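The structure appears right after this line, and notes come after that.
What you see below is based on every heavy atom in this structure, not just the backbone, and it leaves out hydrogens, waters and symmetry mates. Chain identifiers are assigned alphabetically (A, B, ...) following the order of the sequence lines, protein sequences preceding nucleic acid strands; residue numbering begins at 1 within each chain. Indexing begins at 1, ligand by ligand and atom by atom, following the structure's order.
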Amino acid sequence: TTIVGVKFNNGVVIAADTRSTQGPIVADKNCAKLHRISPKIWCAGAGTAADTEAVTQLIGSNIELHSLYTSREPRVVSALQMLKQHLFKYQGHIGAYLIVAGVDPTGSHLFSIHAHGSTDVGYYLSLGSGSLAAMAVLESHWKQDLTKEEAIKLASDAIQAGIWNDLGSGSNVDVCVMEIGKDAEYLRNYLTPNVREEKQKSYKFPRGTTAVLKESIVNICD
Amino acid sequence: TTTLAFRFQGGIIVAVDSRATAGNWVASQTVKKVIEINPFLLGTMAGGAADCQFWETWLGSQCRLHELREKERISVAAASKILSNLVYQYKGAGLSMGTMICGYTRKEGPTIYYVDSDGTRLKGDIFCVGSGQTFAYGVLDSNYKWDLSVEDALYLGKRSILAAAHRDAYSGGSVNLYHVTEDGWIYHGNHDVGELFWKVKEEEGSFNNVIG
Amino acid sequence: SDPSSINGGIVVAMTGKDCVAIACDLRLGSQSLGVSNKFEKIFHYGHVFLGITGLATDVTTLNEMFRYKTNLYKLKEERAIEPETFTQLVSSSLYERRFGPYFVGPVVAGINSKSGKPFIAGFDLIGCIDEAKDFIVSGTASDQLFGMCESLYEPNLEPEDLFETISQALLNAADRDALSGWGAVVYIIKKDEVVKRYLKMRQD
Amino acid sequence: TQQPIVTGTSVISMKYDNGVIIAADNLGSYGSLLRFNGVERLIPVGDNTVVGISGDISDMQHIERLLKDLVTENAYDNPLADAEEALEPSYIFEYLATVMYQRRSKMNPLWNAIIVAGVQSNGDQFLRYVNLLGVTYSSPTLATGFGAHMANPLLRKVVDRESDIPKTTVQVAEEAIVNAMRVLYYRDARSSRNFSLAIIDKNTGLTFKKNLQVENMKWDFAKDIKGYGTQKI
Amino acid sequence: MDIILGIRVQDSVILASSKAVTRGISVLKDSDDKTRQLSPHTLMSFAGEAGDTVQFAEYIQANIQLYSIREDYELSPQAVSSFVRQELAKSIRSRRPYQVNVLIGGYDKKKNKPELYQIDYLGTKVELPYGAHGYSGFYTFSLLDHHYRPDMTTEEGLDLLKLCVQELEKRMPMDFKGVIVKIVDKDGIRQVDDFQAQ
Amino acid sequence: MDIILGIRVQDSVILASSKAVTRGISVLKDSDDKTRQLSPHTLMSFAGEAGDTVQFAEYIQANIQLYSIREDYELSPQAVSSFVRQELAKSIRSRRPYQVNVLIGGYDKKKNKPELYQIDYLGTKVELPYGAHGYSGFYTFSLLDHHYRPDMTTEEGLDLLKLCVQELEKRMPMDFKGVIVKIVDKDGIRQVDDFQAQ
Amino acid sequence: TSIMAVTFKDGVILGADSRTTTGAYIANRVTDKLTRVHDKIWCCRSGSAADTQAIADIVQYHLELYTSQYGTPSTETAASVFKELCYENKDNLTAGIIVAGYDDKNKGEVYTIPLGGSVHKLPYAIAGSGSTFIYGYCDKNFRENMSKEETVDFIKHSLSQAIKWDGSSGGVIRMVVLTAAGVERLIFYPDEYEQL
Amino acid sequence: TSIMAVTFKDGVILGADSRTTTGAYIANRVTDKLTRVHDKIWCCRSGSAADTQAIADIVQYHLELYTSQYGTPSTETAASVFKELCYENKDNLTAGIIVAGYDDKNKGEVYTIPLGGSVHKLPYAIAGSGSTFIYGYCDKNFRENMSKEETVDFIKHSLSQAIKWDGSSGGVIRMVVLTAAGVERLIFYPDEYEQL
Amino acid sequence: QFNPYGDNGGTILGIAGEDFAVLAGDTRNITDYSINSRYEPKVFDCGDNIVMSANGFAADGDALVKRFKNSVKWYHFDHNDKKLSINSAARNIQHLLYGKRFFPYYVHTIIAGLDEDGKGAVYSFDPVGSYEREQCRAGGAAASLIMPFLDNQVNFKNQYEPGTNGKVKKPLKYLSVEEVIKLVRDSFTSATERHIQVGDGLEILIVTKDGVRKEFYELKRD
Ligand SMILES: Cc1ccccc1CNC(=O)[C@H](Cc1ccncc1)NC(=O)[C@H](CC(=O)NCC(C)(C)C)NC(=O)C(=O)c1c[nH]c2ccccc12
Ligand SMILES: [Mg+2]
Ligand SMILES: [Mg+2]
Ligand SMILES: [Mg+2]
Ligand SMILES: [Mg+2]
């Protein structure tokens, strides 16, 4: 997995690759790794995939209830505090490593969270196996006061470095842009530089190739 | 792996499966588990494939060397003992083999020796060896008689390997069949389990655990 | 002695043109010993199909659990559960046991009775959803199944063609795994009708 | 059975149109102590080859002694020792790869990752890696340790395949190397600000640069960072 | 290693269970009955860990008898075997699991069919024409695969088991001191108390 | 576990050895003669690790036969056992020790006395009226402590032995498939071919 | 990590490097290790980042509740709250904290809480993996009652030596100045402190 | 153990504490850690006492034989013999040695051979468990071409700090001065150096 | 503790035709989650119209190929330039492998050429020297992905004649070089899709009664 977060002058962007693995086998060639906590707080995870998902939904649930209760827009520091206290209580056993980003009435925010429950604040971050390849690109090209366009490009190049150079990462680039102005824009399959080439042959079988022992119609209703 | 050999009225029946496994991975379904040492001598293979292949091929060399030296074919007793003594040198190093040496000589008659990597060497009338041994034993022992015709004995051999091929996850592929006489092994063909199972079910009325 | 390996078992599911297919082997073993030739790994709650590989006791228990839960769903909602929804129920039920998991590889297959579109899903033992639309594989021959499917599959196969593709994928994967095989059943699922077929295969 | 004691981090390298570039910092670490600061980890052999070594420094010093003995020994009874029968990069490499693999096979490895860089007598670039396992490979870009994770991705953005190599100048290649050394100093806890760099060009020969430093570092953005989540001041 | 065998013929189920009880270097008993009657038409046989074995059987027995008296009705073999399965499947994840394997042989009077269920300590249940637990299955499964027919009489079933026992007395390392054989049919449960020296 | 018994009566030594060879879950053979004749008036029985057992026996046999031919004379039982003990005592400290326990029964022609030696794999030697290796001694030593008399005939000894084998068949957890019985006296070694139903 | 707190004439200064590592990878090069638990009570954290963040947060909460009920807490009181948490949970925690605070009655104070959860009031304290390398230097150069410019230099020099020898230390040097005046944040860059 | 060697204008000086421990017990409070292997080539030993003595004895034998055949060995030659023994036997040795020597040509030289068996030429070196505490101090206070008295002061101050913080260091500070003069043994007692 | 072994990835595939053989392998070389090189051949012309690959731990792979090529050299010296036939090469490689029975070469090895009668031949080995001649074989990391596909598409396993009720098997026929190469490319694009250690490039060696021919195809680089 490669996930990044990049702060630009009017907001924050997150990007991720789209390969999930079972050991050395690619299970899903195009899974979405960008999860939503609330409309304008988005989240990318690495580590145990069931954990990043579940922790995101649980905190997302509680954030919504909080927002209804308080009549206020959810704040990123709230997702952070809820996430870190939950993760900490579980002493690492919930293997969720997250880059959390969003905009709220107090501005734009970028954080990372580790499985044991530590957090850091940054202008640019990366997590996952492709983390080092991504950071190499970020440390080479990041600057203060990036524009929305420059930030989308930087984040995308960094995920790409992951796709090419990290074996645990591949396929496509998903992006989400959160600007202090408007809505968040989720940009599914922003890049698709890994299309399976046309096969050399069809493997469609002549009907009746497979030997059958016995057959029956299965009933559904009542 | 399942291998067997038994003595009866009309010589020796030798039957083996042909599956190679590495863990739960089926490495091959068409492997040769009998080595034709000379026209009167057979060796079977179970355990480590390399260990078996290598040392029984080596055994053939030693048997041939005996023929040139003594101007006579090696006995079953002596051939088995060469392999037995070699394997004993290596004891505890982790060789893994279960083996039968089957043959005919004038002096001995038809003879079966079981040899394994622990160093055990036994002369006997009936042996099943490999992960499928108990399954082969179940059918073989319950239908065995000294006076079985050649035709029936070859069938019992074939059917015992099929039994083990069916129940043991680590056995299967095909049956390779041999008959050893005074004159002296004769090959009785390769029998693919894919066809043999259905053929035997139909003709015999057995395998009633199997649906369809 | 790893629980996902004691019993053996494979399940594969595929989408085609306005249809889904889900297939499984019939073996129930204990290590090397084949025990039963008739152990089916596919179940169905209304028009929703669930295939389960792994530890057989958990396979039985999960089916009995999802029968239970979908019965109650049907009673309160006054309609049958849909595939997208059942997938979420499977996921959260498995995550509920995060630290003492069921040792299973569940697979969901069905057509949405409202939108009419084919749906398949896979899970790991703690409920992480694999959301592939082409195919989903599970069990001790999963590696082999991945290889068969990636090579043999193409999108938009008619029910009769999809039958051949999924059957051949299953059969050839099973024959390269010691703990799978001993029979197979294929469900062809079309909105309107479902055909169940027993395959003829190597019995070793 | 053994374990590295005093160690030296990444060695990074790439091919350009007319030769090869290789660099390594000047640090010998003692676990997490940055113990020694004037350590040369680039070793010229003759004047067509530079051997770059990471890992255990005592083993590095042993490999130095071997390479010097190799030059002496090649010169013996050899009137073409500075011409047609001079040591070639490929000879130096195969030799080390033999040593490395023999030592791992005896369960007594030289605890190193090595990159041999140079130019053959037919003008061809030579770039090859060997390590403590005797694993060997070649690529338009090679890096050891952290360099493999962070330098390669940046270097590969310049030379992604064989056909990118006529297209790459000395200046662009050196620029990319120097930048990658900066990134390593940002993110590698065992790296140093000071490094050596060597260019082996088919026309220029050997240029060995010592006492280079990482420059143009970005640190100003640090001042805006407060706390670890909620803290404002 | 305790022999627990089951064979379902056309009109009955036959259970054969080894008589030996061995601790360490001593055979303590040569006449143990590894069987509890669960109801007039349902019999259970068991093998496994020394204490767990009888405690489980008797706990199951008490529960089924309770059900009978509460409803004045006999549960079907299918119903009994589902109860047993769930109990074992609960046990496997508790603090100390019952280490017990079972065969359940019953005659279903509503269907007029004999039924044989095999369930291991994990709660793995399956219905079979013949079954076994432990090592003995490694011999008998292949044997029965050959000699078994779906429509055998009870007398043919008993000849089939004789073959199974004989094979085990030839190839099994341990002395299990013969078997106790019991038949479950339409009439109930009786003991062929003359199998060991027949 | 491998039954190895010896008893010394007044005019003979009787060796009895179990006939089973068991590997894993299968009895591979039920007619195994766990014995080698070392010289016309000395017999050795053995039990232990699978390969070592026969290899040691045959090696010893070779050495005694070599002595006999070199000297044209038969070593006394005491001498053979001393030589056997030495070999085992060297073995225990070598790279891979022979894991073999033996009994040695001889008729000494120079003294006109039967002699029974028990030697374990460590090279522990003792001359005994009766002996056993393995678990079998846990039954037979006490039985013979009760039943044995120093003035018994060969027929009395065979009865005493029958009693030992009955007890082991009754109490031992393993099926050892009966015994091969050999008598050593002045007229040499002979096998009692009838014991499984004498 | 290299952390330190130094009492002086007008109060106390806290200083830290900015490097966080996992193994040999610098996970964060611009970390802020100076943690506010009250207006003029700050701490430095070493050990498990999770454990020290969870602790500092609980302490922040405790002092906020204290202030609402009882007025500003003293630095000792803040140190006592840290100690209760570290001592009572010592088995589950890898936490080494230096507490520092300014107060009008007490002026500048420094308390160190090492691993076991013992408390020690000191004129200055040093902790983290980097601190081993500067025991000699600091013991030789510290004086009581230094001026603000002198203490900054003492911390600047000490931390730059720690950074030079400890691989787990590095980045920028951060300081917090705590006096009657207020709270002042300082930062010093590699090009500045490497020269010293 | 705290050991060091420092080059200066006229030669080289070696210093060491005199404490040897087994656990927390001081087995010897007056050890002589400064070992002569040739007239003007000395070393300080750290690690296993058995190992370093056995090594120093073998080196002394090699240098005596060297002197018989070829004349005075250079300090580099001494250091190379130590390395050979330490490198080639790295798997049964726990030895860290500092070699210090004077000859007329090369003047004063220092080599350090840490655990791995690597060799490092340095203007000054510090080793032993006590040295970790004085990396900051030594780096800040060492200058090249110091006078005898300045160097004596630098070692005295450095080792007094190493002694102050390291439990495995202590006793008396011994020194050997190596110049053209001359070999000079110096000793300093706790009552002097603690008051620094 | 020193681990004398590692894993370099990589997959290899060998198919025998009637009068030709192919041996294919990807050109990627990996360590853990990193890529060492995108083009590092692991299939070799060994002389005498024999090609070889030993895939797994590359250092053991190269050692073995080197040692075998040296056998071929010495076979010529000692037996008057006699051609080393494929069956003899196989046997020889068994002794090379079994010689290290107690410290094995961690490679799955495949050789391909033509037999005495000019029929295509493929021999494959386990790490310790066990061998068999086969019509086809996949080895290395994606072996379990490709082997079943070959059983189905080379030996027509599980395929029946339509309408025969699964009573008549699909008849076995030799495939052409064009059809074999199609299966090879398709096998590798499949393996590349689903295995993270497989990709970058494909090199195929084809052997006929005129020498050894080479073909190269780009593979996906993620
Ligand atoms: C006696 C016989 C003779 C000829 C043919 C088949 C048989 C039946 N026997 C088997 O099938 C055994 C089963 C067994 C497995 C593990 N233990 C003991 C027994 N398999 C093996 O010995 C396999 C054989 C294999 O995979 N051969 C490759 C080939 C010739 C089928 C292409 N090798 C391997 O699994 C193997 O080499 C290894 C697998 N992983 C390894 C890691 C390091 C070193 C070696 C190996
Ligand atoms: Mg089978
Ligand atoms: Mg002290
Ligand atoms: Mg030839
Ligand atoms: Mg790939």
Side-chain angles (χ1 to χ4, degrees), chain A residues 19 21 24-26 29 163-164 166-171 194 196, chain B residues 1-2 17-19 21 24 26 29 130-132 135-136 161-175 193-194 197, chain C residues 8 27 29 31-34 37 146 150 174-175 177-182 201-204, chain E residues 141-142 145, chain G residues 135-136, chain H residues 1-2 17-21 24 26 29 128-130 133-134 159-173 190 193-194, chain I residues 9-11 26-28 30 33 35 38 141-142 145 188-202 219-222:
Chain A
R19 168 188 292 177
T21 54
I25 314 292
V26 175
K29 298 192 280 190
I163 287 167
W164 304 129
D166 170 44
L167 293 183
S169 301
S171 303
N194 283 303
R196 197 214 218 292
Chain B
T1 292
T2 315
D17 80 301
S18 71
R19 175 171 291 188
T21 56
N24 297 312
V26 178
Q29 287 261 83
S131 57
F135 307 106
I161 302 300
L162 186 58
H166 183 57
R167 281 298 179 170
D168 175 31
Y170 303 105
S171 301
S174 58
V175 191
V193 174
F197 179 91
Chain C
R27 188 181 178 266
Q31 309 276 47
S32 69
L33 174 68
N37 299 249
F146 270 118
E150 190 64 37
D175 290 356
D177 171 47
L179 305 179
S180 291
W182 254 27
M201 76 166 295
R202 296 193 62 89
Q203 291 293 306
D204 63 347
Chain E
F141 274 115
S142 68
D145 277 1
Chain G
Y135 271 82
Chain H
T1 273
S2 305
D17 71 301
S18 65
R19 185 175 283 180
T20 16
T21 49
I26 297 156
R29 59 183 178 94
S129 55
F133 301 117
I134 56 170
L159 286 181
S160 65
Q161 285 294 129
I163 288 172
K164 180 162 190 158
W165 304 108
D166 185 32
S168 308
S169 297
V172 304
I173 298 182
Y193 74 69
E194 284 169 339
Chain I
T11 289
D26 64 313
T27 60
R28 173 177 278 174
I30 64 89
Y33 278 113
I35 294 166
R38 299 208 195 257
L145 280 71
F188 275 81
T189 58
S190 284
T192 304
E193 286 295 281
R194 294 284 168 174
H195 204 113
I196 66 166
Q197 299 171 341
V198 183
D200 293 330
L202 174 57
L219 294 184
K220 274 173 63 176
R221 291 155 69 95
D222 67 347

For the Mg ion (ligand 3), give me the closest N/O/S atom belonging to H/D166, just the atom name. O
Got a sec: is B/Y170 within less than 2.8 Å of the Mg ion (ligand 2) via an N/O/S atom? no
Counting backbone and side-chain atoms alike, does B/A165 have an N/O/S atom under 2.8 Å from the Mg ion (ligand 2)? yes
H/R29 atom CZ: more than 12 heavy-atom contacts under 6.0 Å: no
Name of the residue among I/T192, I/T11, I/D200 meeting side-chain hydrogen bond (donor to acceptor under 3.5 Å, both in side chains) with I/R28: I/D200
From H/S168, does some N, O or S atom reach closer than 2.8 Å to the Mg ion (ligand 3)? no
Take a 6.0 Å sphere around NZ of H/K164 and say whether it holds more than 12 heavy atoms from other residues, nucleotides or ligands. no
Under 3.5 Å, is there a donor on one side chain and an acceptor on the other for H/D166 and H/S129? yes
Positive for side-chain hydrogen bond (donor to acceptor under 3.5 Å, both in side chains) with B/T2, one of B/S18, B/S171, B/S131: B/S171
I/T192 atom O and I/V198 atom O as seen from the Mg ion (ligand 5), angle to 10 degrees: 110°
Taking the Mg ion (ligand 2) as the apex, O on B/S171 and O on C/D204 give an angle, to 10°, of 100°
Here the N/O/S atom of B/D168 closest to the Mg ion (ligand 2) would be O
Can you name the N, O or S atom of I/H195 that is closest to the Mg ion (ligand 5)? O
With no hydrogens and no angle check, just 3.5 Å: does a side-chain donor-acceptor pair link I/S190 and A/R196? yes
Closer than 2.8 Å to the Mg ion (ligand 3): does that hold for any N, O or S atom in H/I163? yes
Is a side-chain N or O of I/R38 found less than 3.5 angstrom from the main chain of I/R221, in a donor-acceptor match? yes
Any N/O/S atom from A/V26 (main chain or side chain) under 2.8 Å of the Mg ion (ligand 5)? no
